[PDB]
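Coordinates from input.txt are shown below (compact mmCIF, C-alpha atoms and all ligand atoms).
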# COMPACT_ATOMS: atom_id res chain seq x y z
CA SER A 981 88.19 81.72 -225.06
CA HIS A 982 86.30 80.48 -222.02
CA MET A 983 88.73 77.66 -221.20
CA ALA A 984 91.58 80.08 -220.54
CA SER A 985 89.18 82.17 -218.44
CA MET A 986 87.59 79.44 -216.30
CA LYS A 987 87.89 80.12 -212.58
CA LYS A 988 88.56 77.65 -209.78
CA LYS A 989 86.60 77.35 -206.55
CA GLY A 990 88.60 78.38 -203.51
CA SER A 991 89.50 76.20 -200.58
CA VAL A 992 87.57 75.92 -197.35
CA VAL A 993 89.31 78.17 -194.81
CA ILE A 994 89.44 77.93 -191.03
CA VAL A 995 88.39 81.33 -189.70
CA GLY A 996 87.91 80.51 -186.02
CA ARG A 997 87.19 77.83 -183.48
CA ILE A 998 84.75 76.96 -180.71
CA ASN A 999 86.69 76.88 -177.46
CA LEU A 1000 85.64 74.00 -175.21
CA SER A 1001 88.96 73.83 -173.36
CA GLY A 1002 87.74 75.22 -170.03
CA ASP A 1003 84.45 75.68 -168.23
CA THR A 1004 83.11 78.43 -170.54
CA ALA A 1005 82.39 77.87 -174.24
CA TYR A 1006 83.02 80.79 -176.58
CA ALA A 1007 83.75 81.42 -180.25
CA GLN A 1008 87.16 82.79 -181.25
CA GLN A 1009 87.80 84.31 -184.68
CA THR A 1010 91.30 83.64 -186.06
CA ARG A 1011 91.06 85.28 -189.50
CA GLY A 1012 89.19 88.28 -190.86
CA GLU A 1013 87.53 88.79 -194.20
CA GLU A 1014 90.50 89.85 -196.32
CA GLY A 1015 92.76 87.11 -194.96
CA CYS A 1016 90.04 84.50 -195.44
CA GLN A 1017 89.63 85.40 -199.13
CA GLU A 1018 93.38 85.40 -199.81
CA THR A 1019 93.79 82.07 -198.00
CA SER A 1020 90.91 80.51 -199.96
CA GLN A 1021 92.48 81.33 -203.33
CA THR A 1022 95.96 80.11 -202.41
CA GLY A 1023 94.95 77.26 -200.11
CA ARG A 1024 97.99 78.11 -197.97
CA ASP A 1025 97.08 78.62 -194.30
CA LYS A 1026 100.04 79.03 -191.94
CA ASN A 1027 97.91 79.70 -188.86
CA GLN A 1028 98.18 77.45 -185.84
CA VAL A 1029 95.12 75.24 -185.41
CA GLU A 1030 93.67 74.33 -182.01
CA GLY A 1031 90.56 72.69 -180.61
CA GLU A 1032 87.95 70.21 -181.73
CA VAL A 1033 85.39 72.45 -183.50
CA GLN A 1034 86.56 74.78 -186.26
CA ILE A 1035 84.64 77.64 -187.83
CA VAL A 1036 85.10 77.37 -191.60
CA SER A 1037 84.13 79.61 -194.50
CA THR A 1038 83.84 79.48 -198.26
CA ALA A 1039 83.34 82.49 -200.52
CA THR A 1040 79.59 82.11 -199.94
CA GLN A 1041 79.13 80.28 -196.63
CA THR A 1042 80.31 80.00 -193.04
CA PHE A 1043 79.71 76.86 -190.98
CA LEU A 1044 81.48 74.39 -188.70
CA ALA A 1045 83.86 71.43 -188.95
CA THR A 1046 84.46 68.88 -186.19
CA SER A 1047 87.47 66.62 -185.57
CA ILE A 1048 86.60 63.01 -184.66
CA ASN A 1049 89.21 60.22 -184.53
CA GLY A 1050 91.75 62.14 -186.57
CA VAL A 1051 89.37 63.36 -189.29
CA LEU A 1052 87.95 66.88 -189.62
CA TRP A 1053 84.33 66.35 -190.66
CA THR A 1054 81.74 68.71 -192.11
CA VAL A 1055 78.64 68.76 -194.34
CA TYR A 1056 78.73 68.25 -198.10
CA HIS A 1057 76.09 70.97 -198.59
CA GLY A 1058 78.55 73.45 -197.08
CA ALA A 1059 81.95 72.33 -198.34
CA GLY A 1060 81.04 70.48 -201.53
CA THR A 1061 84.11 68.75 -202.93
CA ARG A 1062 86.35 71.68 -202.00
CA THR A 1063 89.87 71.35 -200.65
CA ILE A 1064 90.74 72.84 -197.25
CA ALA A 1065 93.58 75.33 -196.79
CA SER A 1066 96.57 74.08 -194.82
CA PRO A 1067 100.18 75.10 -194.10
CA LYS A 1068 101.38 72.94 -197.00
CA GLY A 1069 98.71 74.11 -199.42
CA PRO A 1070 95.26 72.82 -200.38
CA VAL A 1071 94.38 69.42 -198.90
CA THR A 1072 92.10 67.10 -200.84
CA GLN A 1073 89.09 65.61 -199.09
CA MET A 1074 89.70 62.21 -197.51
CA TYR A 1075 85.98 61.34 -197.50
CA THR A 1076 83.16 62.62 -199.73
CA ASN A 1077 79.62 61.26 -199.45
CA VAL A 1078 76.81 63.39 -200.84
CA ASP A 1079 74.29 60.71 -199.84
CA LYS A 1080 75.16 61.26 -196.16
CA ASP A 1081 75.86 65.00 -196.59
CA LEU A 1082 79.31 64.26 -195.17
CA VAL A 1083 82.89 65.12 -196.11
CA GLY A 1084 86.14 64.88 -194.21
CA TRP A 1085 89.80 65.83 -194.36
CA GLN A 1086 92.71 64.59 -192.30
CA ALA A 1087 92.55 66.54 -189.04
CA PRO A 1088 94.99 69.49 -189.25
CA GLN A 1089 98.04 69.25 -187.02
CA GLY A 1090 97.31 70.99 -183.73
CA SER A 1091 93.65 70.00 -183.68
CA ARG A 1092 92.29 67.74 -180.95
CA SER A 1093 89.78 65.03 -181.80
CA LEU A 1094 86.59 63.99 -180.03
CA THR A 1095 86.00 60.33 -179.24
CA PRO A 1096 82.96 58.50 -180.67
CA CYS A 1097 80.34 57.91 -177.99
CA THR A 1098 79.80 54.35 -176.79
CA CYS A 1099 77.36 55.05 -173.94
CA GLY A 1100 74.09 54.82 -175.85
CA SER A 1101 72.78 57.90 -174.04
CA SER A 1102 69.92 60.03 -175.39
CA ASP A 1103 70.61 63.29 -173.49
CA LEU A 1104 72.68 65.36 -175.89
CA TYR A 1105 74.20 68.82 -176.30
CA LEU A 1106 74.51 70.68 -179.60
CA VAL A 1107 77.32 73.23 -180.00
CA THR A 1108 76.38 76.11 -182.30
CA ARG A 1109 78.72 78.38 -184.23
CA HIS A 1110 78.12 81.06 -181.56
CA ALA A 1111 79.30 78.65 -178.82
CA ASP A 1112 75.80 78.08 -177.43
CA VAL A 1113 75.33 74.63 -175.90
CA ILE A 1114 71.73 73.60 -176.65
CA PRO A 1115 70.35 70.56 -174.78
CA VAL A 1116 68.91 68.10 -177.31
CA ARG A 1117 66.89 64.98 -176.58
CA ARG A 1118 67.65 62.23 -179.08
CA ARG A 1119 64.46 60.99 -180.76
CA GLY A 1120 65.85 58.50 -183.31
CA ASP A 1121 68.99 57.32 -185.04
CA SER A 1122 69.49 60.72 -186.69
CA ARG A 1123 67.01 63.16 -185.12
CA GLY A 1124 66.83 65.15 -181.91
CA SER A 1125 64.41 67.59 -180.30
CA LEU A 1126 65.39 70.98 -178.93
CA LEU A 1127 64.28 71.24 -175.31
CA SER A 1128 63.75 74.97 -175.97
CA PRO A 1129 62.70 75.77 -179.58
CA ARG A 1130 64.41 78.78 -181.13
CA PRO A 1131 64.21 80.79 -184.37
CA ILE A 1132 66.05 79.23 -187.29
CA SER A 1133 68.44 82.20 -187.29
CA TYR A 1134 69.88 80.91 -184.00
CA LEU A 1135 71.20 77.79 -185.73
CA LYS A 1136 72.19 79.24 -189.11
CA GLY A 1137 75.73 78.20 -189.92
CA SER A 1138 76.04 75.47 -187.28
CA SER A 1139 75.99 72.61 -189.82
CA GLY A 1140 79.04 70.42 -189.28
CA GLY A 1141 79.11 71.15 -185.57
CA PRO A 1142 78.83 68.44 -182.97
CA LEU A 1143 76.19 66.82 -180.81
CA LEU A 1144 77.83 65.59 -177.62
CA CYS A 1145 77.11 62.99 -174.99
CA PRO A 1146 77.02 63.78 -171.26
CA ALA A 1147 80.61 62.56 -171.01
CA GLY A 1148 81.80 64.76 -173.88
CA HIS A 1149 81.86 62.08 -176.56
CA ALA A 1150 80.79 62.86 -180.12
CA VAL A 1151 77.32 61.46 -180.88
CA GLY A 1152 76.84 63.04 -184.29
CA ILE A 1153 77.42 65.91 -186.70
CA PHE A 1154 74.71 68.57 -187.07
CA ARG A 1155 73.24 68.36 -190.58
CA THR A 1156 70.07 70.47 -190.79
CA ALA A 1157 67.30 71.88 -188.59
CA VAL A 1158 63.63 70.90 -188.72
CA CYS A 1159 61.61 74.11 -188.95
CA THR A 1160 57.87 74.69 -188.62
CA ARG A 1161 56.73 78.34 -188.45
CA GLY A 1162 60.31 79.36 -189.08
CA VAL A 1163 60.97 78.01 -185.57
CA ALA A 1164 63.41 75.14 -185.00
CA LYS A 1165 61.89 72.38 -182.86
CA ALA A 1166 64.21 69.53 -183.88
CA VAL A 1167 67.48 68.76 -185.64
CA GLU A 1168 68.76 66.11 -188.02
CA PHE A 1169 72.33 64.92 -187.51
CA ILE A 1170 74.74 62.38 -188.97
CA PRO A 1171 75.29 59.68 -186.31
CA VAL A 1172 78.90 59.06 -185.33
CA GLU A 1173 78.43 55.36 -186.12
CA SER A 1174 77.96 56.46 -189.73
CA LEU A 1175 81.27 58.32 -189.57
CA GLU A 1176 82.98 55.27 -188.06
CA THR A 1177 81.73 53.13 -190.94
CA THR A 1178 82.98 55.66 -193.49
CA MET A 1179 86.41 55.64 -191.79
CA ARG A 1180 86.77 51.88 -192.39
CA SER A 1181 85.27 51.28 -195.82
ZN ZN A 1201 79.10 59.08 -174.54
Write the structure described by the file as C-alpha cells, please.
Ligand SMILES: [Zn+2]
Amino acid sequence: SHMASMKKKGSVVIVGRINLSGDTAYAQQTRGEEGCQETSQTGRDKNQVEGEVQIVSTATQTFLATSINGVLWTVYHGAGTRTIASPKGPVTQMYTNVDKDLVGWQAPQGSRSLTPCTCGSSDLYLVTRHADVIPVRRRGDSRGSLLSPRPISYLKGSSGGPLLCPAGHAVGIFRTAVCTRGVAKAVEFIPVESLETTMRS
C-alpha cells in the first residue's frame, strides 16, 4: 500500500530577507522553525513580503532567492522543482533549468526587483545570507574572485543571492563557491544576461 502512503515534498518557504533598504545591510528573520514547517506543508504563506533578497528554506536546506525584473530567482540545487508558498497557496515555478542551476517564480507581491546591469563593470559585491557584502572582482562570464578569501562556512547557504554592480544593478546569481583547502578564493555565478534570455524564450 505504498501509493496511499507516498509523501509530497513541501514548498519553499520565505523565512527572512536581506535588508538593503538603508545604509546598513542586515538579515531579518520573518518565520521561525515551527511556522516554516507548517507553511511548507500547506504552501499557504500569509506573511507580507518585502525587499529584493529573500531567505528561503526547505525541510533540508536554507539559502537565498533574488527578485530581478519581476521574477524571484534561485538555484535548482537548492529548490529543485518545488513550489513556493504564497498567500494564495503553492505557486508553481515559472522557470526551471537544471542545466543552468536556475529556477524562478513570479516575484511575490510586495517584493522589489533589482534591475539587470548594463554597465559592463567588473567590480562586484556579493550579498551573503548573513548580510555581509563581499567585494568580488569579476574574472570571466560566470566567475569572480574574492578580494579576501574566507572559509567555506562563511558562504554556506548564500546560493541564490546576488552579485551587484557599483550602481546596485544585478550582475548575477550566486551559484557555488570555488574552494581549495576548504577556503573560498572564488565564486561561480549565473550571469544576469542568462536570466534575461530565460525570461524571453
Ligand atoms: Zn551596473
Quick one: contact table of chain A to ligand ZN 1201 (chain A), 12 Å max, nearest atom pair and distance in Å to one decimal per residue, counting only C-alpha atoms and all ligand atoms, chain and number order, as a tab-separated table?
residue	atom	partner	partner_atom	distance
A:1094	CA	A:ZN1201	ZN	10.5
A:1095	CA	A:ZN1201	ZN	8.4
A:1096	CA	A:ZN1201	ZN	7.3
A:1097	CA	A:ZN1201	ZN	3.8
A:1098	CA	A:ZN1201	ZN	5.3
A:1099	CA	A:ZN1201	ZN	4.4
A:1100	CA	A:ZN1201	ZN	6.7
A:1101	CA	A:ZN1201	ZN	6.4
A:1102	CA	A:ZN1201	ZN	9.3
A:1103	CA	A:ZN1201	ZN	9.5
A:1104	CA	A:ZN1201	ZN	9.1
A:1105	CA	A:ZN1201	ZN	11.0
A:1143	CA	A:ZN1201	ZN	10.4
A:1144	CA	A:ZN1201	ZN	7.3
A:1145	CA	A:ZN1201	ZN	4.4
A:1146	CA	A:ZN1201	ZN	6.1
A:1147	CA	A:ZN1201	ZN	5.2
A:1148	CA	A:ZN1201	ZN	6.3
A:1149	CA	A:ZN1201	ZN	4.5
A:1150	CA	A:ZN1201	ZN	6.9
A:1151	CA	A:ZN1201	ZN	7.0
A:1152	CA	A:ZN1201	ZN	10.8
A:1172	CA	A:ZN1201	ZN	10.8
Using all atoms listed in the file, tabulate the residues of stretch 1012-1090 of chain A lying at most 7 Å from any atom of stretch 990-1002 of chain A, each with its closest atom pair and that distance in Å to one decimal, by chain and increasing residue number, as a tab-separated table.
residue	atom	partner	partner_atom	distance
A:1016	CA	A:993	CA	6.4
A:1019	CA	A:993	CA	6.7
A:1020	CA	A:991	CA	4.6
A:1021	CA	A:990	CA	4.9
A:1023	CA	A:991	CA	5.6
A:1031	CA	A:999	CA	6.5
A:1033	CA	A:998	CA	5.3
A:1034	CA	A:997	CA	4.2
A:1035	CA	A:996	CA	4.7
A:1036	CA	A:994	CA	4.4
A:1037	CA	A:993	CA	5.4
A:1038	CA	A:992	CA	5.2
A:1059	CA	A:992	CA	6.7
A:1062	CA	A:991	CA	5.7
A:1063	CA	A:991	CA	4.9
A:1064	CA	A:992	CA	4.4
A:1065	CA	A:993	CA	5.5
A:1070	CA	A:991	CA	6.7
Residues just named, written with C-alpha atoms as a PDB file, keeping the file's coordinate frame:
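Printed below is selection_30.pdb as written:
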ATOM      1  CA  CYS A1016      90.040  84.500-195.440  1.00  0.00           C
ATOM      2  CA  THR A1019      93.790  82.070-198.000  1.00  0.00           C
ATOM      3  CA  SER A1020      90.910  80.510-199.960  1.00  0.00           C
ATOM      4  CA  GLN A1021      92.480  81.330-203.330  1.00  0.00           C
ATOM      5  CA  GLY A1023      94.950  77.260-200.110  1.00  0.00           C
ATOM      6  CA  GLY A1031      90.560  72.690-180.610  1.00  0.00           C
ATOM      7  CA  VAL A1033      85.390  72.450-183.500  1.00  0.00           C
ATOM      8  CA  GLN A1034      86.560  74.780-186.260  1.00  0.00           C
ATOM      9  CA  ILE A1035      84.640  77.640-187.830  1.00  0.00           C
ATOM     10  CA  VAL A1036      85.100  77.370-191.600  1.00  0.00           C
ATOM     11  CA  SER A1037      84.130  79.610-194.500  1.00  0.00           C
ATOM     12  CA  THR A1038      83.840  79.480-198.260  1.00  0.00           C
ATOM     13  CA  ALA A1059      81.950  72.330-198.340  1.00  0.00           C
ATOM     14  CA  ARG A1062      86.350  71.680-202.000  1.00  0.00           C
ATOM     15  CA  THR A1063      89.870  71.350-200.650  1.00  0.00           C
ATOM     16  CA  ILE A1064      90.740  72.840-197.250  1.00  0.00           C
ATOM     17  CA  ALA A1065      93.580  75.330-196.790  1.00  0.00           C
ATOM     18  CA  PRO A1070      95.260  72.820-200.380  1.00  0.00           C
TER      19      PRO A1070
END
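Straight-line separation from atom CA of residue A:1057 to atom CA of residue A:1073: 14.1 Å.
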*Go ahead and find all residues with at least one atom no further than 8 Å from (72.9, 64.2, -188.6) in the file's coordinates, using only C-alpha atoms; report them as a PyMOL selection string.*
chain A and resi 1122-1123+1152-1156+1167-1171
*Between atom CA of residue A:1067 and atom CA of residue A:1028, measure the distance and give it in Å to one decimal.*
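Between these atoms lies a distance of 8.8 Å.
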_Residue among A:1159, A:1126, A:1087, A:1179 lying closest to residue A:1030, counting all atoms listed in the file_ = A:1087
*Of the candidates A:1106, A:1066, A:1119, A:1162, which one gets nearest to residue A:1133 if we count all atoms listed in the file?*
A:1162
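Here atom CA of residue A:1083 stands at a distance of 9.6 Å from atom CA of residue A:1051.
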_When you look at residue A:1136 with a cut-off of 10 Å (counting only C-alpha atoms), what residues show up, excluding the ones that are within fewer than 5 positions of it in the same chain? I need them as a PyMOL selection string._
chain A and resi 1042-1043+1108-1110+1131+1156-1157
*Compare A:1175, A:1113, A:1121, A:983 by their minimum atom-to-atom distance to residue A:1003, counting all atoms listed in the file, and give me the closest one.*
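The answer is A:1113, which sits nearest to residue A:1003.
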With 6 Å on each side, where is the centre of the axis-aligned box around all listed atoms of stretch 1113-1119 of chain A, and how long are its edges in Å to one decimal, as lines of an AutoDock Vina configuration file?
center_x = 69.9
center_y = 67.8
center_z = -177.8
size_x = 22.9
size_y = 25.6
size_z = 18.0
*Nearest to residue A:1107 among A:986, A:1032, A:1013, A:1039, with distances taken over only C-alpha atoms: which residue is it?*
A:1032
*Using all atoms listed in the file, which residue out of A:1017, A:1111, A:1173, A:1161 lies closest to residue A:1004?*
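Closest to residue A:1004, using all atoms listed in the file: A:1111.
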_My list of candidates is A:987, A:1011, A:1118, A:982. Which is closest to residue A:1029 when distances are computed with all atoms listed in the file?_
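Closest to residue A:1029, using all atoms listed in the file: A:1011.
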